[PDB]
Amino acid sequence: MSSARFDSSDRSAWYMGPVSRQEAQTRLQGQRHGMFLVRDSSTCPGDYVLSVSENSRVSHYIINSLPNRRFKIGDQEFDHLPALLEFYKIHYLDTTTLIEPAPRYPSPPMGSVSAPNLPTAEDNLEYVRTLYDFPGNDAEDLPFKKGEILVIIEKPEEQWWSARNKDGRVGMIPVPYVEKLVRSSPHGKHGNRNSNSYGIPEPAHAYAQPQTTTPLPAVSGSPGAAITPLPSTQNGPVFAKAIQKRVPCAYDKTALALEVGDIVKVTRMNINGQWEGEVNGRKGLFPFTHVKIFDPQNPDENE
């Protein structure tokens with residue numbers, strides 16, 4: 001499969017250090033698809049710009065240095081640079097994901113003279129506002145309202161674009177639901193203008209960076225002890241391994257056989273304490289006293 005078998009670690013693959021808008025735009029214009037580069041940015045020593053070329057555009061995703069724990073590339077936080085490059089392998093930073101890095105120039109990356117991927121077509125897309133409202137509420141469906149400003153950060157399809165919300169969230173949005181600022185034309189009488197609408201006149205270059213826009217954290221506290229069974233957000237199924245074994249006893253009344261050390265993928269939990277999980281091919285009700293909830297993301301051993 002691969003799709004992306006560039007080594008996500010070694011500087012001599014992807015890191016080109018001193019590049020900046022100046023160089024990055026010319027080396028990622030015209031002849032690239034899936035080609036990217038991470039560079040030392042000039043905003044402030046500590047921020048980086050992962051510029052990826054797809055749809056004949058250069059999407060600039062900024063990697064932000066957090067307080068020594070991990071990095072934050074557009075709100076989404078990953079423990080390190082090699083970690084975020086894996087998420088975008090299945091995310092698609094456009095109609096394509098991270099595939100292979102761009103040529104060499106300043107700091108030593110992979111270093112190719114030319115790329116076999118000759119692209120096709122181009123587009124504009126930048127500032128698009130939502131008129132219809134669509135509360136999909138996910139990273140797959142960007143929840144927008146009757147008057148949100150989005151930035152067309154990724155474009156996989158033509159009916160659905162991946163735009164970033166005011167909160168910087170990148171999700172797919174329907175084109176018939178939105179209107180481009182680069183499209184000033186008579187639709188339903190644009191004579192009333194309202195192009196200014198509401199906002200302060202600050203023409204900044206916001207990059208393609210998913211603009212988190214921190215609304216002042218009222219509750220920002222370090223996780224103490226983490227003795228709470230669920231100290232993480234609902235991302236998907238819950239992972240609990242059966243500490244003890246359960247054979248097909250209990251007189252076969254929805255008894256899910258759970259072996260010692262076996263991982264129970266529980267997707268449905270009843271608040272009584274009876275949970276129904278999918279193990280191998282059987283779904284049964286197991287008690288919380290039979291399993292132990294653990295952190296699915298263990299930084300120890302394997303990471």
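How each quantity is defined
Residues numbered from 1 in each chain as written, not as in the entry; some residues may be left out. Heavy atoms only, no water. Patch = residues over 30% accessible without salt bridge, like charges linked within 9 Å, V, L, I, M, F, W, Y side chains within 5 Å. Areas by Shrake-Rupley, 256 points an atom, 1.4 Å probe, with all protein chains shown as cover. Salt bridge = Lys/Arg side-chain N within 4 Å of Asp/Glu carboxyl O. Helix = DSSP H or I, 4+ residues; strand = E, 2+ residues; numbered from the N terminus. Buried < 20%, exposed > 50% of the residue type's maximum accessible area, 1.4 Å probe, protein only. Domains from an automatic or database assignment. UniProt positions renumbered as here; feature names shortened; annotations may be inferred. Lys, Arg positive; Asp, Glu negative; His and termini not counted. Polar contact = N/O pair within 3.5 Å; in protein donor to acceptor, adjacent residues only side chain to side chain. Contact = heavy atoms within 4.5 Å. Pairing = 2+ DSSP bridges. Axes fitted to C-alpha atoms, helices over the stretch in contact; angles between N-to-C directions. Core = buried A, V, L, I, M, F, W, Y, C linked by side-chain atoms within 4.5 Å. 1 Å grid on protein atoms, 1.4 Å probe; cavity = no way out; pocket = protein on both sides within 12 Å on 5 of 7 lines; lining within 4 Å. Points joined across faces, edges and corners; volume = space filled by probe spheres on them. Nonpolar A, V, L, I, M, F, W, Y, C, P; charged D, E, K, R; others polar.

Asks: Please clarify how a nonpolar patch on the surface should be interpreted in this entry.
Replies: There is a patch of nonpolar side chains on the surface, built from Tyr127, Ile149, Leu181 and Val182 and spanning about 330 Å² of accessible area. The topology assignment puts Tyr127 in strand β7 (residues 127-130). Judged by relative accessible area, which is 33%, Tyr127 ranks as partly exposed.

Asks: Even after reading the chapter, I still don't get the domain arrangement of the chain, so can you show me in this structure?
Replies: Accessible area lost on assembly of the parts is the figure often given for the size of an interface. Taken as a whole, the chain is organised into domain 1 (1-114), domain 2 (115-181) and domain 3 (235-303). Computed over C-alpha atoms, the centres of domain 1 and domain 3 are 39 Å apart.

Asks: Explain the UniProt feature "domain: SH2" in the chain here, please?
Replies: Within this numbering scheme, the UniProt entry marks residues 14-102 as carrying the feature "domain: SH2". For the annotated span residues 14-102, helix accounts for 22% and strand for 37% of the residues, and the straight-line distance between the end C-alpha atoms is 7 Å.

Asks: Before we go on, may I ask you to explain the side chain of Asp47 in this structure?
Replies: Tracing the backbone shows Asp47 in strand β3 (residues 47-54). Here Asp47 occupies a buried position and makes no salt bridge, while the nearest side chain of opposite charge, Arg39, is found at 7.8 Å. In this structure the side chain of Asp47 is engaged in a polar contact, spanning 2.9 Å, whose partner is the side chain of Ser41. Looking at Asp47, its side chain comes within polar contact range of the main-chain nitrogen of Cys44, at 2.8 Å. Dropping the residues within four chain positions of it, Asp47 is found in contact with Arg39, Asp40, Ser41, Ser42, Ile62, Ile63 and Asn64.

Asks: Just checking my understanding: could you explain the sheet that holds strand β12 (residues 238-242) for this structure?
Replies: Adjacent strands of a sheet form backbone hydrogen bonds with each other and so pair up, either parallel or antiparallel. Taken in spatial order, the five strands line up as β15-β14-β13-β12-β16 in an open sheet, and their pairing is antiparallel. Since the sheet does not close on itself, it has two edges, and those belong to β15 (282-287) and β16 (291-293), each with one partner. Taking each pair of neighbouring strands and ignoring which way they run, the sheet shows an average axis angle of 45°. Bridge count between strand β13 (residues 263-269) and strand β14 (residues 274-279): four bridges; the pairing is antiparallel. Bridged to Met269 within β14 is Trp275.

Asks: Just checking my understanding: could you explain the pairing of strand β8 (residues 148-154) for this structure?
Replies: Moving residue by residue along a regular strand, the side chains alternate between the two faces of the sheet. For β8, the buried fraction is high: six of the seven residues fall into the buried class. Pairing of β7 with β8, which is carried by four bridges, proceeds in the antiparallel orientation. Along β8, the bridge assignment pairs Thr130 with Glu148. Counted between consecutive antiparallel strands, the loop separating β8 from strand β9 (residues 160-164) contains five residues.

Asks: How do you make sense of the nonpolar core when you look at a structure like this?
Replies: It is characteristic of soluble globular proteins that their nonpolar side chains tend to be buried jointly. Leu50, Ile63 and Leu84 are the most contacted members of the largest nonpolar core, which totals 24 residues. If you list the elements that add at least two residues to this core, you get α1 (11-14), β2 (35-40), β3, β4 (57-65), β5 (71-73) and α3 (81-91). With four residues, the single largest contributor to this core is α3. Dropping the residues within four chain positions of it, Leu50 is found in contact with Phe36, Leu37, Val38, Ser59, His60, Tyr61, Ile63, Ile73, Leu84 and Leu85. Counting residues in hydrophobic clusters, the runner-up holds 11 residues, among them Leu150, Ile152, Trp161 and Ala163.

Asks: Could you clarify how one ought to interpret the layout of surface pockets in this entry?
Replies: Rolling a probe over the atoms, with the probe sized like a water molecule, indicates the empty space that remains. Size it by volume and the second largest pocket reaches roughly 970 Å³. If you go around the second largest pocket, you meet 22 residues; those closest to its centre are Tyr127, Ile149, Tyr198, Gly199 and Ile200. Within the residue set of the lining of the second largest pocket, elements represented by two or more residues are β7 and β8. Each residue belonging to the lining of the second largest pocket can be placed in one class, and the counts come to 10 nonpolar, eight polar and four charged.

Asks: Can you help me understand the pattern of salt bridges in this one?
Replies: Oppositely charged side chains can form a pair if their charged atoms are brought close together. The tally for this structure, following the rule as stated, stands at 11 salt bridges. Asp75 is the salt-bridge partner of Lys72, the closest N and O atoms lying 2.7 Å from each other. In this structure, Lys166 engages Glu148 in a salt bridge whose closest nitrogen and oxygen atoms are separated by 3.7 Å. Of the two residues, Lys166 is situated in the loop between β9 and β10 (170-174) and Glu148 in strand β8; the sequence distance between them amounts to 18 residues. Shared partners join several salt bridges into a network, and the residues in it are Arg70, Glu77 and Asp79.

Asks: What is the right way to read the environment of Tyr177 from this model?
Replies: In this fold, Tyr177 is placed in the loop between β10 and β11 (178-180). Residue classification places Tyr177 among the partly exposed positions, given a relative accessible area of 22%. As a C-alpha pair, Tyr177 and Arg129 span 48 residues in sequence and 8.8 Å in three-dimensional space. Not counting the four nearest positions on each side in its chain, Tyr177 is found in contact with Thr130, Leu131, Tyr132, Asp133, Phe134 and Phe144.

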